[PDB]
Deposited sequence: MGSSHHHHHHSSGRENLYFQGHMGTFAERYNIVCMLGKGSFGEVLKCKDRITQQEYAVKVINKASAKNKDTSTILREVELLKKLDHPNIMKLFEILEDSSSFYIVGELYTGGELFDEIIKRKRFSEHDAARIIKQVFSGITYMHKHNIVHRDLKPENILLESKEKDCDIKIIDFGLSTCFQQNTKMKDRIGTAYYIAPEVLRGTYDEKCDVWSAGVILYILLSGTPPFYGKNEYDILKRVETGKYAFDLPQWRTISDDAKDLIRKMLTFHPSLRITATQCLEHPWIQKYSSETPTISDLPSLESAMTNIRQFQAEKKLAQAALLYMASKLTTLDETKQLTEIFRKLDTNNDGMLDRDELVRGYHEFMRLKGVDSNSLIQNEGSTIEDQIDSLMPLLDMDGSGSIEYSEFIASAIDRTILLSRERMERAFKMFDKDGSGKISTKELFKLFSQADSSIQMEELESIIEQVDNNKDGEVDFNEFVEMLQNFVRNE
């Protein structure tokens, strides 16, 4: 009775800043000591629809599993607010990276932009349009060199109530927000990465250039840049959306494939054999065992644990869409053998393995499912991790979870620990 949803699992550490829809704070899990980012949205001030509609949309966002899209874990609430808890990212906005470097080589801008293309492509396939894509709405996961980027600030426009001029498409000036407007804003970003200037440079004047749609590669720094880059930018800053290319086309452009070739090497063999061994054990264990492992890999893990497996996941992602498909696993298995020196069926193993790892039936293995099968089970079996998992299921809080109270797909905690092992 005297226990609250959020305040019982989480402790507020500090305030990270003001998201447009609500305050954003850093919070800590009281058991696992794992830190998180939570947006606190005031129900009375911010709501436009029913609480049911909101939670339905947030459920859809919570199942967006893409390396370049912000991760959301759960949606709680009390009498005054919604609490949306998500993965914490500490590298800051991409806008600041641009102030420091002030422009990027074609090699550096391609690694960055390839990730934006991957995330936007994923968002559109799940029928989400950012409508406000810019560097300020892209965060870096950490301070390391080649860390992945993360797209934020999208999804709640319909549900809640709450520099932009450079990045908006002309049709947005005329009351149209279709999927193409994002491809326009991405083009402006890529224009700024290579040159350091907005293609369209008072705000009435900036918007005036946007309305005409006139941009030029006249700045002295474009002479050195390649023709394929200019081909991509032209197809993205096409005035008419019906002729403008798609996010998928942006990702597949030859320019991207030139600088997007992260491929396995002999240095990665230690982490590939480990990943392979855990994957076999995963396929051997019964369905009940497997699902419990996915549940904990997808809800109770952090980046630092999966940091080694992130690079392996990124190298196996030839097309850079963010997912590993049936063919990509066959080729990664054949190349894993080649680096060792072993002659290589592999195809039969993977086809038998695809249903077992693609627990959602999505047609490909997303990152969370890859971690659940490629990580040492010992890491997931930590006592605090199992404490949190057990407490999630016991809605009553009696101390024993009923048989139906198990939705991992009377038992004491100590009986629960043995069951996982």
Subject >> Deposited positions lacking CA coordinates >> reply: 1 to 20, 183 to 190, 230 to 231, 375 to 383, 449 to 474, 487 to 492
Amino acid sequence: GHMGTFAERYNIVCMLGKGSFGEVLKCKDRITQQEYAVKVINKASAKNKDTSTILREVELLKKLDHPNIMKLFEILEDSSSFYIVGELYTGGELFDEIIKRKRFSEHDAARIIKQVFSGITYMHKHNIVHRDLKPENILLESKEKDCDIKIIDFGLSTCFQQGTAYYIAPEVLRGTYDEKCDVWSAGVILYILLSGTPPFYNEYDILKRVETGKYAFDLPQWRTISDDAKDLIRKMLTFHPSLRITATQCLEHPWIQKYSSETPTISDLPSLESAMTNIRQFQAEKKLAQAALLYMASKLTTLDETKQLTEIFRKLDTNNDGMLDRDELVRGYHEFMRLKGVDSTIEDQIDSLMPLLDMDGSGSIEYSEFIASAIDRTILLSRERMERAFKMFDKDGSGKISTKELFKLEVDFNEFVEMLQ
From here on, numbers count along this sequence of modelled residues.
**OP:** Report the stretch with the higher mean CA temperature factor, choosing between 396 to 404 and 18 to 26 on the basis of the entry.
**Re:** 396 to 404
Original post:
Looking at the deposited entry, does 129 to 137 or 323 to 331 carry the larger mean Cα B-factor?
Top reply: 323 to 331
Subject >> Maximum C-alpha temperature factor, selected from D231, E273, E87, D182 >> reply: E273
Original post:
Which one, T246, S118, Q290, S226, has the peak C-alpha temperature factor per the PDB entry?
Top reply: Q290
Original post:
Among the chain's modelled residues, which third holds the C-alpha B-factor of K49?
Top reply: highest
Original post:
What third of the chain, by the recorded C-alpha B-factor, contains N68?
Top reply: lowest
**OP:** Going by the recorded CA B-factors, say which third of the chain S382 sits in, lowest, middle or highest.
**Re:** highest
**OP:** Give the position of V38 by CA B-factor within its chain, expressed as the lowest, middle or highest third.
**Re:** lowest
**OP:** Report the third (lowest, middle or highest) to which the CA temperature factor of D268 belongs, ranking only the modelled residues of the same chain.
**Re:** highest
